Amino acid sequence: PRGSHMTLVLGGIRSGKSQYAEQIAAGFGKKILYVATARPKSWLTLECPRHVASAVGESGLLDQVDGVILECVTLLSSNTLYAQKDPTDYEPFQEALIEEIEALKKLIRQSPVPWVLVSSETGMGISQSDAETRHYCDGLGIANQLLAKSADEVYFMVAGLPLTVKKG
Amino acid sequence: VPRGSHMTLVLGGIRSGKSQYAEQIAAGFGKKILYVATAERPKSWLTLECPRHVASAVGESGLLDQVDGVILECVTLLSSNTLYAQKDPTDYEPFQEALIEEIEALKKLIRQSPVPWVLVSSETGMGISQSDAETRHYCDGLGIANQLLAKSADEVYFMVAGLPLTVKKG
Amino acid sequence: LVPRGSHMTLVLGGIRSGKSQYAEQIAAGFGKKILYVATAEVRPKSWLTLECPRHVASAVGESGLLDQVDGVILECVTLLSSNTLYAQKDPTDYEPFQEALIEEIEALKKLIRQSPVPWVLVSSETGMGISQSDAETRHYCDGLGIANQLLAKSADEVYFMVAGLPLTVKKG
């Protein structure tokens with residue numbers, strides 16, 4: 001796809017989501033911006049542990065590429081949690097992560113090139129006891145909801161194969 | 001927003017949007033909704049709190065004759081309440097027996113219900129298996145309850161990040 | 001024109017997802033004589049039960065039983081992977097376990113490719129919760145996910161079970 005098109009690819013551990021997202025990115029074009037939040041030589045890498053929208057817009061690199069792949073919403077959410085004063089307090093973390101995600105959504109709406117985003121599903125096991133991990137799971141689920149609802153396409157990976165959750 | 005299902009099951013993980021989607025379905029029932037809360041929102045809705053014995057409490061309230069539909073929040077807490085009301089939560093069989101009785105009574109009440117129901121439950125079985133028998137038992141019993149309800153339900157939706165996958169539709 | 005069934009089916013799901021009941025229905029669809037391969041570390045009466053905790057392809061082929069039945073149901077990839085993990089010297093070391101599990105899975109795929117009768121395989125989804133801290137559990141989850149990817153890529157049909165009901169992930 002071309003334009004301000006957005007695809008969300010989510011799945012569990014070893015679900016093949018990164019491979020599938022890279023296929024989608026290759027479908028965008030040959031010059032891909034790889035945004036890492038923690039490989040083809042025509043791809044550019046921009047490393048942004050936080051404030052992804054600001055850093056990508058300031059880089060001006062959206063005007064240089066055919067598309068963007070974001071790896072990954074999971075680490076963006078954990079980075080946001082551990083940047084807070086008290087990782088055991090849910091509300092400030094949630095506010096910060098929503099801010100991050102809304103800035104990303106806005107940048108994508110205005111983006112000249114399409115984006116594919118990789119994220120993790122972590123909410124379908126047994127709930128953990130310590131507040132930090134619970135908060136991280138909760139906030140990641142919220143981020144994934146926001147992205148899926150704004151995305152044009154959403155794919156849920158099961159054992160390397162994509163289930164279409166939302167399509168054009 | 002689906003319409004005209006008598007019994008709908010909406011299940012999903014943590015922060016999957018299952019409550020929002022179930023409330024949309026409920027609003028599709030009508031303006032007067034009975035909200036059955038199992039813990040232990042529109043102003044025209046009635047709230048009935050029943051941590052256990054949901055079929056018994058709802059039938060005894062007579063409120064099914066007062067509303068356009070019912071939303072049950074949630075099977076997850078119903079199962080945990082059932083587990084912890086037992087003498088020995090590390091003992092599987094009494095818990096499973098009690099939970100199955102609860103679910104079968106709920107199914108019968110829904111079969112006889114004059115108004116439709118949407119039920120919210122959680123998927124908890126697709127992570128790493130837990131070590132303590134109590135958590136294993138809870139996960140197991142909730143999965144069994146979800147199977148019984150999904151088989152009875154007319155429609156079943158599996159939520160992924162706020163969006164519904166149709167698992168079963170009449 | 002006589003239709004043909006699915007030669008290789010993968011049924012995966014979580015705890016109490018109804019994956020075993022659905023797979024057994026598929027197996028019964030194969031025919032009346034079904035080989036039930038149980039992998040647990042050591043049902044219709046027309047079925048034969050073969051206990052094989054490890055080296056499934058070798059034991060099943062050497063048994064010559066593929067020529068005796070209408071189909072095979074493998075219960076289950078989950079226990080095959082855990083057996084493989086705990087048969088290693090150091091379960092905290094990922095690479096030897098991964099090699100052994102991949103060898104097991106590739107041998108299974110090869111035998112299924114040669115099989116005169118269809119197969120349905122039961123496995124678990126374990127990768128959609130919170131990542132655990134201890135290396136051993138992460139290793140197990142990772143390796144099982146790899147095994148499921150390998151089988152799903154080879155399978156003709158793949159079903160993901162939710163609360164007893166099948167979602168079709170791959171067909172035809």
Side-chain angles (χ1 to χ4, degrees), chain A residues 90-91 94 123 138 141-142 145-146 149, chain B residues 1-82 99 102-123 142 145-146 148-150 152-159 161-170, chain C residues 163:
Chain A
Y90 180 72
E91 310 283 348
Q94 190 204 254
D138 210 89
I142 289 172
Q145 278 190 64
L146 294 171
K149 279 166 193 175
Chain B
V1 168
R3 290 171 79 92
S5 181
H6 179 63
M7 184 189 171
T8 303
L9 178 66
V10 184
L11 65 154
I14 298 299
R15 288 298 182 169
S16 60
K18 54 187 187 297
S19 293
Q20 303 166 52
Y21 192 68
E23 289 185 2
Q24 296 183 28
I25 295 175
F29 297 157
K31 291 219 309 289
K32 288 196 205 304
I33 298 305
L34 174 62
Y35 188 98
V36 184
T38 63
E40 199 190 37
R41 290 201 289 98
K43 295 185 182 180
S44 47
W45 288 13
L46 314 180
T47 298
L48 186 65
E49 299 166 24
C50 333
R52 299 192 62 237
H53 312 298
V54 174
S56 182
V58 168
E60 292 168 357
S61 81
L63 289 170
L64 292 184
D65 300 315
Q66 306 284 323
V67 293
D68 300 308
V70 183
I71 170 168
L72 176 63
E73 283 271 23
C74 59
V75 178
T76 316
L77 291 191
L78 180 54
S79 317
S80 49
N81 297 349
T82 300
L99 187 50
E102 183 85 35
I103 297 299
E104 290 298 330
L106 188 64
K107 282 162 50 178
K108 173 174 183 181
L109 177 69
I110 291 170
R111 275 193 308 263
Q112 311 170 333
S113 176
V115 290
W117 288 59
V118 56
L119 292 61
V120 183
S121 191
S122 298
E123 178 60 52
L142 176 56
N146 287 346
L148 293 169
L149 295 172
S152 277
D154 303 297
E155 295 181 7
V156 180
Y157 297 101
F158 180 66
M159 305 301 298
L163 310 178
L165 283 178
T166 302
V167 174
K168 182 190 195 176
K169 197 162 192 327

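Throughout, protein chains are lettered first and strands after them, A, B, ... in sequence-line order, and every chain is numbered starting at 1.
- Across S79(B) and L142(B), no two heavy atoms sit closer than the pair OG-CD1, 3.7 Å.
- For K107(B), the side chain to side chain donor-acceptor pair (under 3.5 Å) criterion is met by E104(B), not counting sequence neighbours.
- Between the CZ atom in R111(B) and the CH2 atom in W117(B) there is a gap of 12.5 Å [rounded to 0.5 Å].
- Looking only at side-chain heavy atoms (C-beta outward), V167(B) and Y157(B) stay at 4.5 Å or farther from each other.
- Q66(B) meets the side chain to side chain donor-acceptor pair (under 3.5 Å) test with no other residue; sequence neighbours excluded.
- For the atom pair CD of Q145(A) and CG of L163(B), the computed distance is 8.5 Å after rounding to the nearest 0.5 Å.
- Take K169(B) and apply the salt bridge (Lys or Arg N to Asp or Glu O under 4.0 Å) test, not counting sequence neighbours, and it matches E155(B).
- A distance of 12.5 Å separates OG in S122(B) from CE in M159(B), rounded to the nearest 0.5 Å.
- Side chain of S152(B) to main chain of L149(B): no donor-acceptor pair is present (N/O by atom type, distance under 3.5 Å, no hydrogens or angles).
- Nearest heavy atom pair, residue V118(B) against residue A22(B), reads CG1-O, 3.6 Å.
- Counting all heavy atoms, side chain and backbone alike, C50(B) lies closest to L48(B) at SG-CG, 3.6 Å.
- Within the 4.5 Å cutoff, side-chain heavy atoms of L119(B) are placed close to those of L106(B).
- If you take CD1 on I25(B) and NZ on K18(B), they are separated by 13.5 Å, rounding to the nearest 0.5 Å.
- Not a single side chain to side chain donor-acceptor pair (under 3.5 Å) links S80(B) to another residue, sequence neighbours left out.
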I'd like a table of donor-acceptor pairs (distance under 3.5 Å, sequence neighbours excluded) in which one partner is a side-chain atom from residues 29-41 of chain B, with atom names and distances.
from, atom 1, to, atom 2, distance (Å)
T38(B), OG1, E73(B), O, 3.4
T38(B), OG1, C74(B), N, 3.0
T38(B), OG1, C74(B), O, 2.9

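- Between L99(B) atom CG and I103(B) atom CD1 the span is 5.0 Å, to the nearest 0.5 Å.
- In terms of modelled atom types and a separation under 3.5 Å, the side chain of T82(B) and the main chain of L78(B) share a donor-acceptor contact.
- Proximity of a side-chain donor or acceptor of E102(B) to a complementary backbone N or O of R52(B) within less than 3.5 Å is not detected.
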Listing, residues 5-15 of chain B side-chain donor-acceptor contacts under 3.5 Å, not counting sequence neighbours, or none:
from, atom 1, to, atom 2, distance (Å)
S5(B), OG, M7(B), O, 3.2
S5(B), OG, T8(B), OG1, 3.1
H6(B), NE2, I110(B), O, 2.8
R15(B), NE, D138(A), OD1, 3.3
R15(B), NE, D138(A), OD2, 2.5
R15(B), NH2, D138(A), OD2, 3.1

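- Of all non-hydrogen atoms in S121(B) and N146(B), the two that sit nearest each other are OG-OD1, 2.6 Å.
- Within the 3.5 Å criterion, the main-chain N or O of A150(B) finds a donor-acceptor partner in the side chain of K168(B).
- Between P51(B) and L77(B), every side-chain heavy-atom pair lies at or beyond the 4.5 Å cut-off.
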